[PDB]
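Trainee: What follows is a single structure, and I will ask about it in a moment.
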Amino acid sequence: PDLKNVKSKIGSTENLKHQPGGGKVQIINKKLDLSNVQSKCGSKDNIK
Amino acid sequence: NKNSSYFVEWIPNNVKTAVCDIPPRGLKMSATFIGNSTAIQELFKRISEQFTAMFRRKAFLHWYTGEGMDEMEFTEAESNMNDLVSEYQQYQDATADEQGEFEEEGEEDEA
């Protein structure tokens, strides 16, 4: 009558390494350039 | 006679007089005054300093040039009024005191 300790069929065997982990995000942006500036509403020559 | 201090004394009498026979309608008698006191310097002296202080930052000029005006012409009209201002300032308090047509001659020694 000894069955020889029969094993299960068929399980979550494909999940045994699984968690799963998460990816990443980082946003974060670049500064625009506003260095092209000069005023016009005054005098630079006729002041002299 | 009451004052000479407000009259130009190197113009012997500053006065032009006339007497018309006919008054304005509804009036008995009247007079019209037209004078030139050198005090009037202040007017133009105001105008040509107020001009220059806006012009020294080019304010409003864009509207003027847009009708093709010349930017040199501001400089010219304000210069001309500064000459006109200076005209009153030099004729105000100007001399009744006399000067002769007589030059320096080397006619003496030192004593």
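Please treat every number below as a calculation from the coordinates, not as lab data. Heads up, the Cβs are rebuilt from the backbone with ideal geometry, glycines too, and the neighbour counts pull from every protein chain shown.
Trainee: Would a scan of region B:40-52 turn up a residue that is within 14 Å of chain A (Cβ to nearest Cβ), part of a helix (DSSP H, G or I) and free of Cβ contacts under 8 Å to residues at least 40 places away in the same chain? So that I can check it myself, show each step before the final result.
Mentor: Our first condition is that a residue be within 14 Å of chain A (Cβ to nearest Cβ); within region B:40-52, this holds for B:51-52.
Still in the list and also part of a helix (DSSP H, G or I): B:51-52.
Next, only the ones that are free of Cβ contacts under 8 Å to residues at least 40 places away in the same chain stay: B:51-52.
There is at least one residue in region B:40-52 that is within 14 Å of chain A (Cβ to nearest Cβ), part of a helix (DSSP H, G or I) and free of Cβ contacts under 8 Å to residues at least 40 places away in the same chain.
Trainee: Going by what's in this entry, would B:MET69 be described as part of a loop (DSSP other than H, G, I, E, B) and surrounded by 10 or more Cβ atoms within 10 Å (Cβ to Cβ)?
Mentor: Working: part of a loop (DSSP other than H, G, I, E, B): yes; surrounded by 10 or more Cβ atoms within 10 Å (Cβ to Cβ): yes.
So B:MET69 passes the test.
Trainee: I would also like to ask the following. Can you pull out every residue in region B:3-20 that is more than 17 Å from the chain's Cα centre (by Cα) and either surrounded by 10 or more Cβ atoms within 10 Å (Cβ to Cβ) or not small (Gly, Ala, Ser) (or both)?
Mentor: B:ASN3, B:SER4, B:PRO12, B:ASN13, B:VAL15, B:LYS16, B:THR17, B:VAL19, B:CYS20
Trainee: Looking at region A:5-24, can you tell me whether even one residue there is under 44 Å from the mean Cα position of the chain (by Cα) and within 30 Å of B:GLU76 (Cβ to Cβ)?
Mentor: No, every residue in region A:5-24 fails to be under 44 Å from the mean Cα position of the chain (by Cα) and within 30 Å of B:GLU76 (Cβ to Cβ).
Trainee: Any idea how many residues of region B:12-51 are out of contact with any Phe, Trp or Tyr (no Cβ under 8 Å at 6 or more places or on another chain) and farther than 21 Å from B:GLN90 by Cα?
Mentor: Within region B:12-51, residues that are out of contact with any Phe, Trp or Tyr (no Cβ under 8 Å at 6 or more places or on another chain) and farther than 21 Å from B:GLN90 by Cα number 21.
Trainee: Between a residue in region B:54-72 that is within 14 Å of chain A (Cβ to nearest Cβ) and any residue that is loosely packed, with under 13 Cβ neighbours inside 10 Å, which pairs come within a Cβ distance under 6 Å, given they are 6 or more apart or on different chains?
Mentor: B:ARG57/A:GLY42; B:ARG57/A:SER43; B:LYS58/A:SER43
Trainee: Any idea how many residues of region A:23-47 are within 14 Å of chain B (Cβ to nearest Cβ) and either among the acidic types (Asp, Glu) or surrounded by 10 or more Cβ atoms within 10 Å (Cβ to Cβ) (or both)?
Mentor: Step one: list which residues in region A:23-47 are within 14 Å of chain B (Cβ to nearest Cβ), which gives A:39-47.
If we keep only those that are either among the acidic types (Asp, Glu) or surrounded by 10 or more Cβ atoms within 10 Å (Cβ to Cβ) (or both) too, we end up with A:42-46.
Qualifying residue count for the region: 5.
Trainee: For region B:64-100, which positions are within 24 Å of B:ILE40 (Cα to Cα) and aromatic (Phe, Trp, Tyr)?
Mentor: The answer is B:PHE74, B:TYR88, B:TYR91.
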